[PDB]
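Note: ideal-geometry Cβ built from the backbone for every residue, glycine included; neighbour counts use all protein chains shown. What follows is calculated from the coordinates using simple rules that are stated; it is not laboratory data.
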Amino acid sequence: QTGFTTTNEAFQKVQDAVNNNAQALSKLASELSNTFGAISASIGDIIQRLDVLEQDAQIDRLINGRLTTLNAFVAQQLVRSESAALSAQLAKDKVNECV
Amino acid sequence: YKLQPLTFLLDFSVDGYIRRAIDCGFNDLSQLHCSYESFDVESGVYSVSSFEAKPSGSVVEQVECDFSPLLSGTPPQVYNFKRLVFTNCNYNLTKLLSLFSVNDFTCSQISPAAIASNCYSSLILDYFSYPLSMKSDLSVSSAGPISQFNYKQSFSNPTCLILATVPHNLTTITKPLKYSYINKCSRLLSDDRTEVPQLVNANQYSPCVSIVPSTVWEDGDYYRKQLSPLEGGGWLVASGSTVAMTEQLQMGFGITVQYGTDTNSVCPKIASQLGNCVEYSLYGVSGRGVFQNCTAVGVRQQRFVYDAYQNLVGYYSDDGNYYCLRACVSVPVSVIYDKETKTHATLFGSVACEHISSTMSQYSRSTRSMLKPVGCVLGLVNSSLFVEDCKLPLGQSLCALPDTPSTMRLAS
Amino acid sequence: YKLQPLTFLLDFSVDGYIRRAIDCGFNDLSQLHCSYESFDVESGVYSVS
Amino acid sequence: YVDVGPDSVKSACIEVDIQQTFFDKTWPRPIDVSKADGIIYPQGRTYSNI
Amino acid sequence: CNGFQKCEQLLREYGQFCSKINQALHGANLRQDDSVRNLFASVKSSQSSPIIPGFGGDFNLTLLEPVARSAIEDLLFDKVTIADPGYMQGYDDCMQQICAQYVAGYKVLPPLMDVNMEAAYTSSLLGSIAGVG
């Protein structure tokens, strides 16, 4: 009871797991919204570049990159959910016998 | 009935003639029906596009550089071109085009209407004497001699290449004796076995251009200057070609827009201070944020402030008032189809209950123009019975503990 | 002192003035700080040239 | 152009004595990044505490 | 996209990709709920001794509920630093100042179980351990 952060390695593991889920969600989404296009304000050529033709090109590449990044984020979430399901079954077994 | 481009889910009977159609745009349920590509979707909690707050009270923050020196006196040749930089000054594109008839107008990597409307950090204009016939030879990037050895425009910077003819009525411009350009520029090495040509950079001075007189004496004239041992020795070879002077003087103008410099507004009381709401604009950066006095972080040497993100916050732009902006507020919507009970309940995630506005009153975003205070669930829900514990329970699990059985009729 | 293009970790005070900086190019120890993008890092094996 | 005012009317420039060896001294002052010696602030904008 | 007429024309062509991403997220949330229920089902259906401040003589018991939110569990939740999930007042707290809805744009779903409900399940387990010993 007196010591959790230093005495218990397992408590440090809880802190790491909580930090990892929060960091992955916060860092990934912010970076994608952070000017993915080489020269953009998160929207490509909204008014400054050659009217509709330049705007459509820059927006299209930015949208395609965002979609591929979203697919990678979704794949990571699916892997995390699968690992969680296996760990949950192990936790249920520990409660059933050891507890 | 008005026609607009729309994505319609189409259901075809045995005949194949269309019998049932779904409009994805109108109603949240119709968007759900388009998803799964099924007329009826299994009951579930489904997210809908968040309702962004409407922009209001837009704030806009925006000397008199004359273009007379460029059109006054003899224009220099393309190799001897002189570039004039105009900063923090009011400018009129219409006056320049009216003054000179424009045979060719082109802008690269930018829109001519857009540059005129948008304030620019810098406006560099280059004046040169150019023959009208060789429009192709002058280019932002080309293997032609005029770009290679005379005047070039930077490809990376948005640049406008304009060819214009001075009017006879205008007397401020003085016609040059003849159009002159250096066809070939090369420097002999000290050994003299190999001679290396030099390609002029855009807005770059050339040593060969200086040795050639402003007007070349003869077409294909040859000028030789012996390079000093300090610069590696050898000789400088310049070949200059002359184009016969036209009856009407023709001038080639290169327009370069700089937005690189952070703080400069070359612009052609809603817009002013007061307005603690979503829409805003500043000297050079326009963003949507709510401004409140904060007085917390910022050297104030630069009016714009960065949040360590690719898009800077830009707060504290006014020196007099320290205002820190925030991100635009968007309210998430979650709807349970409840197909078995055929009842739809709409919940707005977070944002308390009072903050949310009925029928998107304060929010521009909606599925379509026509949409669709009791307690306070995860979010306000349009249900007649707030609590009916142990009544026909069904595990909808719309937010957390509430099972929301509608066999409407939530929080059991 | 001559200047050359380089990436430097920068620490900003509440005033926003740069009290201290890290030169990643100077040495491997600075390079590990640059990799983490943190002025202080826990000791660990790090990538080297 | 610009005017620097009247040019000097002095007949001859003043004699100069050059003693590089006397000037040379051991005074080493290495740039210290830790104290942010000789680093320009980003001119574009101010930055956050992190 | 922030939301523009130009964005909509490209988005409708790529709408199927957006729909498939949503389907995968909905499935992941549902499976996580199924896992939580399965663990709870094992804890449930077990007779529980009524909670006593002292279950046995000469035994210190931090596990006893202060009254929901058992002492040690509170310790754990306090040492750690979670600011990512805000519900009902979470958007209001961000305005006062994580910012999931303010920028980018995603919604963090509720756990679907109250902390008091989780404490009640631990309370049932604490009573069960002595009986099934």
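Quick one: in region B:315-371, of everything that is within 30 Å of B:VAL299 (Cα to Cα) and charged (D, E, K, R), which residue is farthest from the chain's Cα centre (by Cα)?
Residue satisfying both the conditions and the ranking: B:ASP319.
Need a quick list: strands (runs of 3 or more DSSP E) entirely within region B:16-98 having at least 3 residues that are over 27 Å from B:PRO332 (Cα atoms).
Because the criterion is at least 3 residues that are over 27 Å from B:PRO332 (Cα atoms), the strands (runs of 3 or more DSSP E) in region B:16-98 that meet it are B:18-23, B:82-86.
Has region C:27-48 got at least one residue that is among the small types (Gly, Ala, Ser), surrounded by 12 or more Cβ atoms within 10 Å (Cβ to Cβ), within 14 Å of chain B (Cβ to nearest Cβ) and at positive phi?
Checked against the condition, which is being among the small types (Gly, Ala, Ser), surrounded by 12 or more Cβ atoms within 10 Å (Cβ to Cβ), within 14 Å of chain B (Cβ to nearest Cβ) and at positive phi, region C:27-48 yields no hits at all.
Take region E:57-79 and flag every residue that is within 27 Å of A:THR7 (Cα to Cα), in a loop (DSSP other than H, G, I, E, B) and not acidic (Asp, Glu).
E:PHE59, E:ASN60, E:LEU61, E:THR62, E:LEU63, E:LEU64, E:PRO66, E:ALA68, E:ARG69, E:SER70
If I ask for residues that are more than 35 Å from the chain's Cα centre (by Cα) and among the hydrophobic types (A, V, I, L, M, F, W, C), which ones from region B:1-31 would you list?
B:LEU9, B:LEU10, B:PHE12, B:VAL14, B:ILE18, B:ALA21, B:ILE22, B:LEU29
This table checks each residue for (1) under 30 Å from A:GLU9 (Cα atoms); (2) part of a loop (DSSP other than H, G, I, E, B).
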| site | (1), (2) |
| --- | --- |
| E:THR81 | yes, yes |
| E:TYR87 | no, yes |
| E:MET95 | no, no |
| E:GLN101 | no, yes |
| E:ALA104 | no, yes |
| E:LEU112 | yes, yes |
| E:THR122 | yes, no |
| E:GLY127 | yes, no |
| E:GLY133 | yes, yes |
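For B:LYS82, state whether it is surrounded by 14 or more Cβ atoms within 10 Å (Cβ to Cβ) and not hydroxyl-bearing (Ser, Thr, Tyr). Step through it out loud before you land on a result.
Numbers: surrounded by 14 or more Cβ atoms within 10 Å (Cβ to Cβ): no; not hydroxyl-bearing (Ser, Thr, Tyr): yes.
Criteria not met by B:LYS82.
Being within 12 Å of another protein chain (Cβ to nearest Cβ) and part of a loop (DSSP other than H, G, I, E, B) is the filter here; which residues of region B:343-373 pass it?
Hits for region B:343-373 are B:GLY349, B:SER350, B:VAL351, B:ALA352, B:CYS353, B:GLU354, B:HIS355, B:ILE356, B:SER364, B:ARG365, B:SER366.
Can you pull out the residues in region E:78-121 that are away from chain B (no Cβ under 14 Å) and surrounded by 14 or more Cβ atoms within 10 Å (Cβ to Cβ)? Show your work before the answer.
At the first step, the residues of region E:78-121 found to be away from chain B (no Cβ under 14 Å) are E:78-83.
E:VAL80, the sole residue that qualifies.
Checking E:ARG31 against (1) of a type outside the set (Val, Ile, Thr); (2) in a helix (DSSP H, G or I); (3) over 23 Å from B:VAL45 (Cα atoms), which single condition isn't satisfied?
(3)
Identify the residue in region B:325-342 that is of a type in the set (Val, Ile, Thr) and part of a loop (DSSP other than H, G, I, E, B) and, among all such residues, is nearest to B:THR404 (Cα to Cα).
That would be B:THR341.
Looking at region B:281-328, which of the residues that are among the basic types (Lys, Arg) and within 11 Å of chain E (Cβ to nearest Cβ) is surrounded by the most Cβ atoms within 10 Å (Cβ to Cβ)?
By that ranking, first place goes to B:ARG326.
Which strands (runs of 3 or more DSSP E) does region B:194-302 wholly contain that include 2 or more residues that are within 26 Å of B:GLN109 (Cβ to Cβ)?
Counting at least 2 such residues, we get B:250-258.
Only residues that are out of contact with any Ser or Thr (no Cβ under 7 Å at 6 or more places or on another chain) and either more than 21 Å from E:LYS79 (Cβ to Cβ) or part of a loop (DSSP other than H, G, I, E, B) (or both): list them for region A:26-40, please. Can you show your working first?
Filtering region A:26-40 down to residues out of contact with any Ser or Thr (no Cβ under 7 Å at 6 or more places or on another chain) leaves A:26-31, A:34, A:36-40.
A:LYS27, A:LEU28, A:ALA29, A:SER30, A:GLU31, A:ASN34, A:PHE36, A:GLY37, A:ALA38, A:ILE39, A:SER40, listed by residue number.
Could you identify the single residue in B:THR159, B:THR171 that is surrounded by 15 or more Cβ atoms within 10 Å (Cβ to Cβ) and among the polar types (S, T, N, Q)?
B:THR159
Say we look at region E:34-56 and pick out the residues that are surrounded by 13 or more Cβ atoms within 10 Å (Cβ to Cβ) and part of a helix (DSSP H, G or I); which of these is nearest to the chain's Cα centre (by Cα)? Reasoning before the result, please.
Initially, region E:34-56 is screened for residues surrounded by 13 or more Cβ atoms within 10 Å (Cβ to Cβ), giving E:35-40, E:42-43, E:46, E:48-49, E:51, E:55.
Next, from what is left, pick out any that are part of a helix (DSSP H, G or I): E:35-40, E:42-43.
Numbers: E:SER35: 12, E:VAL36: 10, E:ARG37: 12, E:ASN38: 15, E:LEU39: 14, E:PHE40: 13, E:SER42: 18, E:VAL43: 17 Å.
The extreme case among them is E:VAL36.
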